[PDB]
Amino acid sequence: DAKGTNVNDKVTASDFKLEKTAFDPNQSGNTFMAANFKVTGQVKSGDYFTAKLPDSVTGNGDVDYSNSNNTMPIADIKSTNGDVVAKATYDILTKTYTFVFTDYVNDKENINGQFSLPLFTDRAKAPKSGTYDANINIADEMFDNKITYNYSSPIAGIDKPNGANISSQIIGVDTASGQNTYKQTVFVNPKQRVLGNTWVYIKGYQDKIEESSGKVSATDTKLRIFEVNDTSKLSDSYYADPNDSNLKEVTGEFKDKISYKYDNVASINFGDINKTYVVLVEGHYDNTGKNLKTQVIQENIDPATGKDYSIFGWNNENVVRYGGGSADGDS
């Protein structure tokens, strides 16, 4: 039963198709890979074959498995009767899918089947809009593709020269481990305007507390705040590396400026600013099973006049996609 011999040399994949080759990961866009596969000869329980993803795509997308040993279960490959033909997992770090045959295969031959698995952007490795190679290995054979990411720009806000402007994206949600963490990137003033008396609010909900599982609080939330040297260098994908020299962490300058006084919201007092800041949120959600929905808000004035107030909000929520597959062999 345990993972045994690699039988890529016995498995041929075919009729490979992506569901689509262009989408917008900032509006829940994703694709699927679909392929047929067939086994030449016989395999035995524990034999396995693999598929390997390149830098531009991931199998997990905005779902985070770092608290589950970087491993995600995948849907079982099942026969018509419903019997499990292969169990499958995916390694987040090595981007490798492994399909391990069960004892169903022991008395069979010329097993063949098919799968459809959801594929997502890699926000870190594909940080800008554009076209990327997405050459995918299945069973030691390459299937070449191009994928185009047209990210909805994170640079959004009120249409005045001193207008409030802010955006965010939840780029990691831990659904597996039980810890219920989430990771959110917030871009404050991505327009890089000159703003007076700036306040930012990070909420664990949108309009209705009871309709989100998010919990923002001093004990559930940690914030890191970075001043951005060059705004042009920020991702379109909302990925932001805390170690990138373009970001200067200034968290220690905000110890008197962050308040969890109000319900399910953190407020941050930015004051008079003229740069973009990144806020990396490490949060948690509760066990109500409600959707995780959030909103960030920024308000400010015109610093030269003291007036021309404005306020802008930005909602986040994520969606889940599923895979499926089947296989049968002759006796």
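The first residue of the shown sequence is 1; numbering continues from there.
*Asks:* Look up the CA B-factors in the entry and say which stretch, 249 to 257 or 90 to 98, has the higher mean.
*Replies:* The entry gives the higher C-alpha B-factor average to 249 to 257.
*Asks:* Decide which of the stretches 302 to 310 and 288 to 296 has the higher mean C-alpha B-factor, going by the entry.
*Replies:* Stretch with the greater average CA B-factor: 302 to 310.
*Asks:* Just grab whichever of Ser152, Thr121, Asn110, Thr185 has the top CA B-factor as deposited.
*Replies:* Highest C-alpha B-factor among the listed residues goes to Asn110.
*Asks:* Return the residue from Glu211, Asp103, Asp174, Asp236 that has the highest Cα B-factor in the entry.
*Replies:* Highest C-alpha B-factor among the listed options: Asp103.
*Asks:* What third of the chain does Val84 rank in for C-alpha temperature factor, lowest, middle or highest?
*Replies:* Highest third - that is where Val84 ends up once the chain's C-alpha B-factors are sorted.
*Asks:* So where's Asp220 on the chain's Cα temperature factor ranking, which third?
*Replies:* Within its chain, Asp220 is a middle-third residue by C-alpha B-factor, going by the deposited values.
*Asks:* Against its chain's modelled residues, does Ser66's Cα B factor rank lowest, middle or highest third?
*Replies:* Its C-alpha B-factor, which the entry lists for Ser66, ranks in the middle third among residues of this chain.
*Asks:* Where does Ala34 sit by CA temperature factor within its chain: lowest, middle or highest third?
*Replies:* Its C-alpha B-factor, which the entry lists for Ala34, ranks in the middle third among residues of this chain.
*Asks:* Going by the entry, which third of its chain does the Cα temperature factor of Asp15 land in?
*Replies:* Top third by C-alpha B-factor.
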